[PDB]
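Geometric and topological summary
Spelled out, the chains give:
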Amino acid sequence: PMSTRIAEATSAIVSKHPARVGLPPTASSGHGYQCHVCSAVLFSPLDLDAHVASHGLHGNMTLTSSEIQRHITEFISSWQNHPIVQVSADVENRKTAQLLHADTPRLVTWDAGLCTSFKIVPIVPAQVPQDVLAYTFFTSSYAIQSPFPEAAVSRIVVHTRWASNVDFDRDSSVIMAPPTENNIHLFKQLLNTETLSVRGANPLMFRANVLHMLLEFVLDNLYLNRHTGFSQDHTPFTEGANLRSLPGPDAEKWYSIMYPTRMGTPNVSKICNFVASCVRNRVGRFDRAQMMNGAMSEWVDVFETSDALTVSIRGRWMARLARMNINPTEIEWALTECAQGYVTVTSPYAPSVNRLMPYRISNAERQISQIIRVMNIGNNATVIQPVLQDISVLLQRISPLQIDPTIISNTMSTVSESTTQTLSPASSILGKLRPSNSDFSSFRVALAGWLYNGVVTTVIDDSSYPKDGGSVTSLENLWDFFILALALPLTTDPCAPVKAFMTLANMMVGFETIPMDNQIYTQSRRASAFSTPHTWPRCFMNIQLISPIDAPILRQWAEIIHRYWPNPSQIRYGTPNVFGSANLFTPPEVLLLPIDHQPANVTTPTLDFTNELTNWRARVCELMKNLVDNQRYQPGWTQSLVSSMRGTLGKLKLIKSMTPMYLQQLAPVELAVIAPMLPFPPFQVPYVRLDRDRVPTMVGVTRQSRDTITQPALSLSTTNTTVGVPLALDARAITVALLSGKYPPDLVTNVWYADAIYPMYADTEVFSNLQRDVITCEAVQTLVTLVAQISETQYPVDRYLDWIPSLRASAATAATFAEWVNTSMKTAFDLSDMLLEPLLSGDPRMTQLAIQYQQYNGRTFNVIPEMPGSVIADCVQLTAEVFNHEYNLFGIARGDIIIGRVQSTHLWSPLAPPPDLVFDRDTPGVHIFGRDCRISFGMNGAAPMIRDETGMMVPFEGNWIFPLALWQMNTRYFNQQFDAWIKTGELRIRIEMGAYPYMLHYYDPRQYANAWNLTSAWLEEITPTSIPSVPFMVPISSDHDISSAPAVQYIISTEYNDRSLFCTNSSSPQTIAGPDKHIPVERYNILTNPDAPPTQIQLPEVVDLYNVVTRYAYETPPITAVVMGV
Amino acid sequence: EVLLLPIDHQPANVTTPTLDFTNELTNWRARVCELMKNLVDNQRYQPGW
Amino acid sequence: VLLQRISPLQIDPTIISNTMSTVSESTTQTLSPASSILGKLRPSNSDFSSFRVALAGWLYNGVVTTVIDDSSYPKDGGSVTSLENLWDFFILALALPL
Ligand SMILES: [Zn+2]
């Protein structure tokens, strides 16, 4: 195909390998290995073919292939030498595009269902046909639906809302099985890349995986409840109550599920025993806020079934968004003050519908996001450049100034030149001032370099310095000195005046001498190599060391630089009322400009001659005429060339130019208008003119700590990371636009700017970056909060899950876990680009955020922004506390198990054993086996022993205490021995675990039951890496009198773990045999307690299943449909 | 019984920080990086850049 | 090879590239120092027998001694005016104490 052929043609025309390397030049490694006339070396193809051609005599010059190829190589060498195409790119690179426009997050998401997270599931069906009680008792026979499912045994499990008519899904769920089914696939998710058993999981990552599950459980409860209408009741179950009708095709079961106090109470079943013990005026709607006659009601408060945990979480998220809320009046004020007059917008003045637009954030969040952007943009030349090109092409469409280099030719055609004399000072200018690729963009790139100096430093490229020379006698070098002396103050490098002076010190060498500081940076050194405040000459800093008798020209040029160089100023853009300013190391609401700015007073601009740039051009022309008037410096220039040069220079001083006036009094207003509508905000270290003091010699960022130390103000000076890049420009392209600028012939500035500026503020993209800032700051704070749980960090974190065992975390574990947190937050919130990723390149454990620059003398200013609050980390810590008190609902049990043969006809549940079967470390006559425990064999009928902690030998009897890791590390040996001895003998082992998931196996109490086939499989499947779930054999509670059967149980618990039970034998009148439990009265505080106010949660201890919840109808339109105007 | 090493050793734990200047080789890398930073700082040695 | 098969320490070179990514290369007249150290470290190689034999020679100080090759030194003495010899000195001064 064609693109291969055209690409080969490009590679043929552009690449002869002249490519530049950085090395000392050696006599071996030269491109001219053997030049084929005389066998020398010249290190470059252009000089090599010049060597081949120069030995041929110049009357015998015939065009041939090599003669063409020399011009080809010279052409491509100068084209690659040009700096704008040295640093350029056509396409994006996933970093510049991410900086230029980032993905917005999806904050507002609305739930139309009901807020819950804890469902109720039946397990075993209740015996509805039975002989002792006729079937006409039960409400199941009449198909009366109930809020609670009828069953013999019912438990509550955890589901992500199971009812939510959701607007937008967040793909992160904690869908859980009932505890009869297996449940270890949730707890083997995180760091189990090694557990080959499907049914197994490593106990050393339980804490990490459980709190990652808590993170996903919080992130799936980030919604707002939405108002979904009501309907006045017509059946007399609840008099006058207003019931919410949630949308969907099926709406039958929902009223009975939502309103447990609505049903009738016909019998003495346990459900009706609960419902007859309820209050009745606490159903449905009880509050609303009507603001308009027959519009959508603003917010209502309803009694319904709910979950107080997720009610609290959605309340915190709503408090966050209500803190972000703004109003169109402040939007109008911020946009008008931002645009400084010219464009007006309108906001309507009427009673509203109480809308919601989350956009206001804080200065701390803005500064933290700016630190993350500068950490992104660190040391890359090809990332900062397209932002400057964007600002350049945007400034070209707002600037009324145009560039007409026919002005310089039309004012050139008045100078008188004799046809006789060989030097034409007029035509040298017109041959020289045409720039290299004829681009004029270097001017606007220099203005964008005024906007940004902390990350990019615009210097003037080597290719404009006047060709490894000097020679004040040479007219071309004189014009190059004038061009460079005009072009240098517009760039933003802090070492511009020393380059300006040492250009002239390079220009005259041998005419006038001047002392230097060593023999490295002598007078004959190229001026562009200095570029550092350590290289500034002492003779330049001290004017006394230049003698007026030897160097009067250099002394007065130094005085002109020291006194007449342009001064820095400021413009005061923006507003921090809305979108608080991201300025750092500068105060907010200020910009810095390297030239002076007074503002204009009229709107019809004309030409006058009073500003510092025309003053600078006048002083440069004045010194160059003092230089050319001297006859000893150019003795070959007789009379008419001297007078013609004087007149050309005076005329060039008095050209009618408009670019200095434009830079003096129109372009700072444009920069102040542009700069808040900009995706990368300004980032400025202070400008300073001539001194070897206060010059920014570095600027650096940090992302981690150093040692045992904790304070960022101490760690920053050794954990900084230097950010910055130089950038090259074109001196001729700056100078011709400086000399040849014109306004339109009839322009009025307010009409022109009110025309040009309005399409910018028509676009409203800038409000969609502050939500990305919200999510960035929430991400970094929840990262440090979560890593602080499993590892040791510096922040005063609260610890809740210390009782669950976990791995001794290393930096690889922490980095992997932080990657999991990043992936979870990216798959929520609807964004796919680089978030939290610059922090992952270092250690995630010891992170911090700070920034500093350093002056020349040693002063370091720092900005350590305070870390603001974070509702996501708040809700995760709340979920951790309430999981500590309610651990049983997520499948976790606490404590440890005791493996021992228990044979009885009793019906006690193994999740609540009677307290004499258990034993502790403090129980007398109990052995502990933490240490070596070498089992010695028996012989000649004597029993075998095992070695105590205290160094004793004990037979295989009694009560033992193992750590789990001991059995885990010596599984098969201990399996053979102790699985022989447990099943019939009198041995009992307590295996200390802390945390473990489990399964439940129900059985008929009327028949025989033995659990060896369940426990022995678990004991065999305990591996050195993983363990499988712990099987419990729990009976089934009955409604009536039953018989008894011997049941043989082996694994028992230690403390109460039967919290997930919920109303066994519900439709029955009572429970006779087995574990009994009524409705938990503590869960329904509002029904059962007439003293309890409506808004009450006992949230840390228990979780209520029924509370007041608010529901909203706040509409969210875009800004352009509310605030508009022209 | 001893085995001579050309490097210092400490008791082993996996939960020790990555940036620890108690460590000899981390200290060595830090000092070499700081000296080459001091070398490239002033630009005294490199004209022609 | 026994140390390589027993050792927990896995070595991959992608940490260096992820720290100093610097994707662009189209500047064919200058040369960035990050590109210099990537092209000099050469992360595309996957050989570390020099590291494992450097670990093994501590047991046999008394018969063999490990030195750094001549080609790892700067060419023709080197000088500080060259970025390549600066990076050569950095790599050498890190590699010497083993
Ligand atoms: Zn030759």
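The residue numbers shown here are sequential, starting from 1 for each chain in the order of its written sequence. They can differ from the numbering used in the entry, and residues that have no coordinates are not displayed. Labels follow written order: the first chain is A, the first ligand is 1, and so on. A larger assembly contains the chains shown, yet all values here describe just the shown part. Water and hydrogen atoms were dropped before computing side-chain values, which therefore reflect all heavy atoms in the structure.

Judging from the entry metadata, cryo-EM is the method by which this structure was determined, and 3.6 Å is the reported resolution.

Chain C has the name RNA helicase in the PDB entry, where Mammalian orthoreovirus 3 is given as its organism. For this structure, the PDB header gives the title as "In situ structure of polymerase complex of mammalian reovirus in the pre-elongation state".

Per the PDB entry, chain B goes by the name RNA helicase and belongs to Mammalian orthoreovirus 3.

**Some words on the overall build of chain C**
Filter applied, for reference: Labels follow the DSSP assignment, with helices taken as runs of H or I lasting at least four residues and strands as runs of E lasting at least two, numbered in each case from the N terminus. As a reference, a globule follows 2.2 Å times the number of residues to the power 0.38, and the radius of gyration itself is taken over C-alpha atoms. Here the term buried applies to any residue with accessible area under 20% of the maximum for its type, exposed to any over 50%, and partly exposed to those in between, with areas from a 1.4 Å probe on protein chains only. Should any heavy atoms of two residues lie within 4.5 Å, those residues are considered in contact. Charge assignment: positive for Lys and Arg, negative for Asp and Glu; neither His nor the chain ends contribute. Every charge is mapped to an atom, namely NZ of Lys, CZ of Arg, CG of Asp or CD of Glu.
A tally of regular secondary structure across chain C gives five helices and zero strands. A compact globule built from 98 residues would reach a C-alpha radius of gyration of about 13 Å, whereas chain C, at 16 Å, exceeds it by more than 25%. Taken over 98 residues, chain C has a buried fraction of 15%. When contacts within chain C are restricted to residue pairs at least 6 apart in sequence, those whose partners lie at least 24 apart make up 67%. For chain C, the centre of its 5 positive side-chain charges and the centre of its 8 negative side-chain charges are spaced 8 Å apart.

**Looking at the pattern of salt bridges**
Residue and element names in this part refer to chain A. Threshold: By definition here, a salt bridge exists when the distance from a side-chain nitrogen of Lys or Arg to a carboxyl oxygen of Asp or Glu is within 4 Å.
Considering all chains together, one arrives at 31 salt bridges over all chains under this definition. One salt bridge connects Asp 111 with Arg 314, and the closest N-O pair in it is separated by 3.0 Å. With a gap of 203 residues between them, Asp 111 in strand β1 (residues 110–111) and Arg 314 in helix α9 (residues 308–324) connect regions that are remote in the sequence. Note on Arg 314: relative accessible area 3%, which makes it buried. Across the salt bridge formed by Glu 589 and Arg 572, the nearest N and O atoms sit 3.1 Å from each other. Note that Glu 589 is positioned in the loop between α19 (552–564) and α20 (612–628) and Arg 572 in the loop between α19 and α20, a separation of 17 residues in sequence. With relative accessibility at 55%, the residue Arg 572 sits in the exposed group. A single salt-bridge network, built from bridges that share partners, covers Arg 244, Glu 304 and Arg 1111.

**Here's the deal with the coordination of the zinc ion**
All names here are of chain A. Counted only if it meets this: For Na, K and Ca the donor cutoff is 3.2 Å, while for all other metals N, O and S atoms must lie within 2.8 Å; water is not among the atoms, so some sites may look incomplete.
Bound to the zinc ion on the protein side are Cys 35 (SG) and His 51 (NE2), at distances that span 2.5 Å. On the criterion of sequence distance, the pair formed by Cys 35 in the loop between α1 (2–14) and α2 (45–55) and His 51 in helix α2 is long-range, its members being 16 residues apart. Across the pair, exposure class does not vary: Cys 35 and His 51 are buried alike.

**Observations regarding the interface of chain B and chain A**
Stated precisely, the cut-off is as follows: A simple way to read buried area is as the amount of 1.4 Å-probe accessible surface that goes missing from two parts once joined, with both sides added. Polar contact criterion, stated in full: a pair of N or O atoms within 3.5 Å, where within protein one must be able to donate a hydrogen and the other to accept it, and residues adjacent in sequence count only if both atoms are side-chain atoms. Amino acids are sorted into nonpolar (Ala, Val, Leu, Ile, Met, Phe, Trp, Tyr, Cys and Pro), charged (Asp, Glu, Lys and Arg) and polar (every other residue, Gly among them).
Contacts between the two partners involve 18 residues from chain B, matched on the other side by 22 residues from chain A. Roughly 1,400 Å² is buried in total at the junction of chain B and chain A, and carbon and sulfur atoms are behind 46% of that figure. Considering only the side of chain B, the residues that lose the most area to chain A are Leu 19, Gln 43 and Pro 47 of chain B, jointly responsible for 31% of the buried surface there. Scanning the region where chain B abuts chain A turns up four residue pairs in polar contact. Along the lines of polarity and charge, the residues of the side of chain B that touches chain A split into six nonpolar, eight polar and four charged.

**What about the sheet that holds strand β9 (residues 299–305) of chain A?**
Residue and element names in this part refer to chain A. Threshold: Here, a strand pair is defined by DSSP locating no fewer than two bridges between the strands. Axis geometry follows a simple rule: fit a line to the C-alpha atoms, using only the stretch in contact for helices, then measure angles between N-to-C directions, giving values from 0 to 180 degrees.
What the three strands build is an open sheet, ordered β8-β9-β30; its pairing is antiparallel. Edge positions in the sheet fall to β8 (284–288) and β30 (1106–1112), since each has one partner strand and no second. Neighbour-to-neighbour, the strand axes of this sheet turn through a mean angle of 25 degrees, independent of strand direction. Here β9 pairs with β30 via seven bridges, running antiparallel. Bridge assignment links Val 300 to a residue of β30, and that residue is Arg 1111.

**A word on the sheet that holds strand β13 (residues 721–722) of chain A**
Residues and elements named next belong to chain A. Overall, antiparallel pairing links the four strands, which are arranged β13-β12-β16-β17 in an open sheet. For this open sheet the edge positions go to β13 and β17 (860–863), each flanked by a neighbour on one side alone. Alignment of strand β12 (residues 698–702) against β13, held across two bridges, turns out to be antiparallel. Paired with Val 701 across the bridge in β13 is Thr 721. Against the sheet, helix α24 (residues 712–719) touches β12, β13, β16 (850–854) and β17, its axis set at about 60 degrees to β16.

**A few points about the packing of helix α1 (residues 24–41) of chain B against helix α5 (residues 83–95) of chain C**
Note the following rule: Roughly parallel means an angle under 35 degrees; roughly antiparallel means over 145; roughly perpendicular covers 65 to 115; every other angle is labelled oblique. Left-handed is the label given to a crossing in which the near helix is rotated counterclockwise from the far helix by less than a right angle, and right-handed is the label when the rotation is clockwise.
The geometry of α1 of chain B relative to α5 of chain C is characterised by a closest axis approach of 10 Å and an angle of 160 degrees between their N-to-C directions. For the element pair α1 of chain B / α5 of chain C, the angle class is roughly antiparallel. In this structure, α1 of chain B crosses over α5 of chain C, and the sense of that crossing is right-handed. Each of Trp 28, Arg 29, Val 32, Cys 33, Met 36 and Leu 39 of chain B in α1 of chain B lies in contact with α5 of chain C, whose residues at this interface are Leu 86, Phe 89, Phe 90, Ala 93 and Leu 94 of chain C. The residue inventory of the contact of α1 of chain B with α5 of chain C, partitioned by class, reads ten nonpolar, no polar and one charged.

**A closer look at a nonpolar patch on the surface**
Convention followed: What makes a patch is a set of residues exposed beyond 30% relative accessible area and free of salt bridges, joined within 9 Å when like-charged and within 5 Å when nonpolar (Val, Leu, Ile, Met, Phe, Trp, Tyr). Note on areas: Shrake-Rupley with a 1.4 Å probe; residue coverage comes only from the protein chains shown.
Together, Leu 3 and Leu 5 of chain B together with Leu 59, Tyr 60, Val 63 and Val 64 of chain C line one region of the surface with nonpolar side chains, adding up to about 660 Å² of accessible area. With respect to the helices and strands, the residue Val 64 of chain C is situated in the loop between α4 (49–56) and α5. Given the relative accessible area of 44%, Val 64 of chain C is considered partly exposed.

**Considerations on the side chain of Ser 154 of chain A**
Residue and element names in this part refer to chain A. Within the secondary structure, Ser 154 sits in strand β3 (residues 153–158). Polar contacts involving the side chain of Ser 154 include one to the main-chain carbonyl oxygen of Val 121, which spans 3.3 Å. Discounting chain neighbours no more than four positions away, the residues touching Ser 154 are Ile 120, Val 121, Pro 122, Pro 149, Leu 1061, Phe 1062 and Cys 1063.

**Concerning helix α23 (residues 667–674) of chain A**
An α-helix turns once every 3.6 residues. As a result, residues three or four positions apart point the same way. Residues and elements named next belong to chain A. Of all eight residues making up α23, eight are buried, and the element is well covered by its neighbours. Residues of α23 that are buried include every one of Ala 667, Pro 668, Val 669, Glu 670, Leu 671, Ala 672, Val 673 and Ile 674, and no others. The inward-facing, buried residues of α23 contact α10 (328–339), α12 (381–396), α22 (659–665), α26 (749–756) and α27 (758–762).

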